[PDB]
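Cβ placement follows ideal geometry from the backbone for every residue including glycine, while neighbour counts extend to all protein chains displayed. Laboratory data are not the source of any read-out in this text; all were calculated from the coordinates shown.
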Amino acid sequence: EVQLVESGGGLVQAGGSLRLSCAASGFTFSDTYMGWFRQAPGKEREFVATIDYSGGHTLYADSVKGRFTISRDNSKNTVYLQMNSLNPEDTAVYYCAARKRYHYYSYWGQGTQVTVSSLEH
Amino acid sequence: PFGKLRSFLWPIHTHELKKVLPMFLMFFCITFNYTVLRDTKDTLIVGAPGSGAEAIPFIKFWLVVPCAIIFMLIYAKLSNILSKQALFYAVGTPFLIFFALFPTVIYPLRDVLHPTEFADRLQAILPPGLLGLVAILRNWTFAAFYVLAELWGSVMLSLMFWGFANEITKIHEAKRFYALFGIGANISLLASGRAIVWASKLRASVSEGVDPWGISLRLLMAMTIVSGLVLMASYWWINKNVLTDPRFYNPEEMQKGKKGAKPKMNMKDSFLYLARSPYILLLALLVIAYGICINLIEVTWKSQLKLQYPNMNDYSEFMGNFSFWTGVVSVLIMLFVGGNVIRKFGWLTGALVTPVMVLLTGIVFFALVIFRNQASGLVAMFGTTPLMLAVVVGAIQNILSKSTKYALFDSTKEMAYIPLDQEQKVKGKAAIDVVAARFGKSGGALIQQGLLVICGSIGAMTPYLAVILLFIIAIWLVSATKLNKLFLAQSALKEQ
């Protein structure tokens, strides 16, 4: 009903890039608060990006500042996430996120696996 | 009647301005002197010839508290022999005389009056745990200034002004007047903001005038003398044609005071009746609890403000705007909030607004600092970090406690002395406001330092401050709640 289909997962070399997606349906994406978390196997879940109702306010975590850029498009309803210069500790299940204009909880997503490798070449 | 909108916006009759404006001028002069003295002592002890500033903590521990007890005992003695006016003048004139003799006789004659260095071997004749007493006696005159500058606010503002106000103001009149007197503090803050920067600007002569702290110090100290003499003139005017106006102090009750009660006991007799009164120890607890909490909720908060703003330019910008709105909020709370809460709800509410707030918005603050990691999954989806959220929430508790001090805490507390007999309205007030207040701003530093050695790091003692604050706020709330039962009862005895 309020499913958030993620995408973009895969193996990429260190210093590479991959761009997530979060198909959003079941609510008004134009007035729903987006974001992206991640939960490495073993460690708890931390937030990775955040984008407001109108694309203006972009809050990030201090571990992914500059490298990751969150972006949402209300027409093509999706909270994208452009990751660049990926380092090995970005391996986790990158959860999507969604909050309504006056709700205090979040509709989570299924989860995309982003394993950033470290093989030499 | 009084009105419908005026009984809530300006609860002062036009005739009872001659009692409040002189008290506004008194508060203005006292707070102006206090701010000037603080900002001139913390700026004078940076630049003695040599390392004449290293002996600040030795003063802070070995003289500040002990000289506070010495002043407190001397005040207790003089309360038995001098009249109210005589005691006021005999406490104020020594301060002004020291502030006159400092720049003229004391400070310029440094190298002559400081220990003829012969008190250098005296360092190594005493056990190597009293090196400060040599340093204190080596920075002798600077030691006499730091004590007389710290004590001024404790003596003049807390003991002398309020002790005068609580002697000449009824309870129902206190509910309307006491909140307002911090407007004088804010206006004096503006006056000191101009005065201190004027002194710092005039501190410019480097070559033709080699002494930097000669002219600036003489002018600051003469300014404090002028303000103190205006203080004394205000006291004289309010004692000559205020306590003598028949409008207030209905005629026959007048000679009940110029012929009135006075502290009549002995030093140990008085300080054994005060030590075994549940009223005074509760007032001591409020002042001690307020001293530590406000200091603890400010060092915990001005640690996140340093993590959020790791560059002094914007820290000065935030604390430049916070210091500007704590004046705006503490002109409205004083005019509108403080006197209304105490009149439509009661004494107890006024004394429990600021601890309950510091509790509720301190619970929020510590829940965003202790649980910082497992809160940036929800707070992060609202467009802010829990560090900024603790900065704002901690600012509210530092803008609803600093803007509540004069309005609800210092109002309700100094209102509490009114229904008392003289031995605690005067002499117990000395212990509560001079000695029991020193453990407030010093007990917060000891708790901070005592936990900066048990935890090591500042970030690890946050879970231990929280349990400490939750206990001091606990003892604050119970002291304030238990005091209300005594105040509303002791006030009832006054309607004999």
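One line per residue, one yes/no per condition, for (1) of a type in the set (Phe, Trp, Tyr); (2) without any contact (Cβ under 8 Å) to a residue 12 or more places away in the chain; (3) under 26 Å from B:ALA466 (Cβ atoms):
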position: B:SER411; (1), (2), (3): no, no, no
position: B:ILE418; (1), (2), (3): no, no, no
position: B:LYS425; (1), (2), (3): no, no, no
position: B:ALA430; (1), (2), (3): no, no, no
position: B:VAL435; (1), (2), (3): no, no, no
position: B:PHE439; (1), (2), (3): yes, no, yes
position: B:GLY443; (1), (2), (3): no, no, yes
position: B:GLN448; (1), (2), (3): no, no, yes
position: B:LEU451; (1), (2), (3): no, no, yes
What is the number of the single condition among (1) assigned to a helix (DSSP H, G or I); (2) of a type outside the set (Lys, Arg); (3) more than 24 Å from B:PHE271 (Cβ to Cβ) that B:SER442 does not meet? (3)
Those residues that are assigned to a helix (DSSP H, G or I) and either among the aromatic types (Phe, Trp, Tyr) or under 17 Å from B:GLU173 (Cα atoms) (or both), I need them from the stretch B:233-253; list them, please. B:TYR235, B:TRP236, B:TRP237, B:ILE238, B:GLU253
Quick check on my filter: what residues within the stretch B:65-85 are in a helix (DSSP H, G or I) and surrounded by fewer than 18 Cβ atoms within 10 Å (Cβ to Cβ)? B:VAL65, B:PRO66, B:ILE69, B:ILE70, B:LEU73, B:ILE74, B:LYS77, B:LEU78, B:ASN80, B:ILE81, B:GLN85
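Every residue in the stretch B:108-142 that is assigned to a loop (DSSP other than H, G, I, E, B) and free of Cβ contacts under 8 Å to residues at least 24 places away in the same chain, please. Spell out how you get there, then give the answer.
So in the stretch B:108-142, the residues assigned to a loop (DSSP other than H, G, I, E, B) come out as B:108-109, B:114-120, B:126-130, B:139.
Within the stretch B:108-142, B:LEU109, B:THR116, B:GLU117, B:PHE118, B:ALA119, B:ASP120, B:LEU126, B:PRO127, B:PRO128, B:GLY129, B:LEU130 meet the criteria.
Yes or no: B:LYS19 over 24 Å from B:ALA199 (Cβ atoms) and basic (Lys, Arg)? Spell out the reasoning first.
Numbers: over 24 Å from B:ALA199 (Cβ atoms): yes; basic (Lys, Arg): yes.
So B:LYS19 passes the test.
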Just to verify a result, which residue in the stretch A:90-106, among those that are surrounded by fewer than 20 Cβ atoms within 10 Å (Cβ to Cβ) and touching a strand residue (DSSP E or B) at 6+ places or on another chain (Cβ under 8 Å), is farthest from B:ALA375 (Cα to Cα)? A:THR91
Give the residues of the stretch A:46-81 that are farther than 16 Å from A:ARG101 by Cα, surrounded by fewer than 15 Cβ atoms within 10 Å (Cβ to Cβ) and within 14 Å of another protein chain (Cβ to nearest Cβ), sorted by residue number. A:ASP62, A:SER63, A:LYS65
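In the stretch B:406-440, how many are among the basic types (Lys, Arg) and surrounded by fewer than 21 Cβ atoms within 10 Å (Cβ to Cβ)? Write out each step before concluding.
Here is the first cut: in the stretch B:406-440, the residues among the basic types (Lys, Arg) are B:413, B:425, B:427, B:429, B:438.
Retained after the next criterion (residues that are surrounded by fewer than 21 Cβ atoms within 10 Å (Cβ to Cβ)): B:425.
Of the residues in the stretch B:406-440, 1 are among the basic types (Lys, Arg) and surrounded by fewer than 21 Cβ atoms within 10 Å (Cβ to Cβ).
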Scan the stretch A:1-39 residue by residue and report those that are away from chain B (no Cβ under 14 Å), within 20 Å of A:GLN82 (Cα to Cα) and of a type in the set (A, V, I, L, M). A:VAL5, A:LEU11, A:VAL12, A:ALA14, A:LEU18, A:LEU20, A:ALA23, A:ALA24
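Could you please give the count of residues in the stretch A:82-92 that are among the β-branched types (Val, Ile, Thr) and within 14 Å of chain B (Cβ to nearest Cβ)? Working first, answer last.
Restricting attention to the stretch A:82-92, the residues satisfying the condition of being among the β-branched types (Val, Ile, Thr) are A:91.
Subset that is within 14 Å of chain B (Cβ to nearest Cβ): none.
Here the count works out to 0.
Looking at the structure I just gave you, is B:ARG343 farther than 23 Å from B:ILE292 by Cβ, more than 14 Å from chain A (Cβ to nearest Cβ), among the charged types (D, E, K, R) and in contact with a helix residue (DSSP H, G or I) (Cβ under 6 Å, 6 or more places away or on another chain)? Write out each step before concluding.
Values: farther than 23 Å from B:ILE292 by Cβ: yes; more than 14 Å from chain A (Cβ to nearest Cβ): yes; among the charged types (D, E, K, R): yes; in contact with a helix residue (DSSP H, G or I) (Cβ under 6 Å, 6 or more places away or on another chain): yes.
Answer is yes for this residue.
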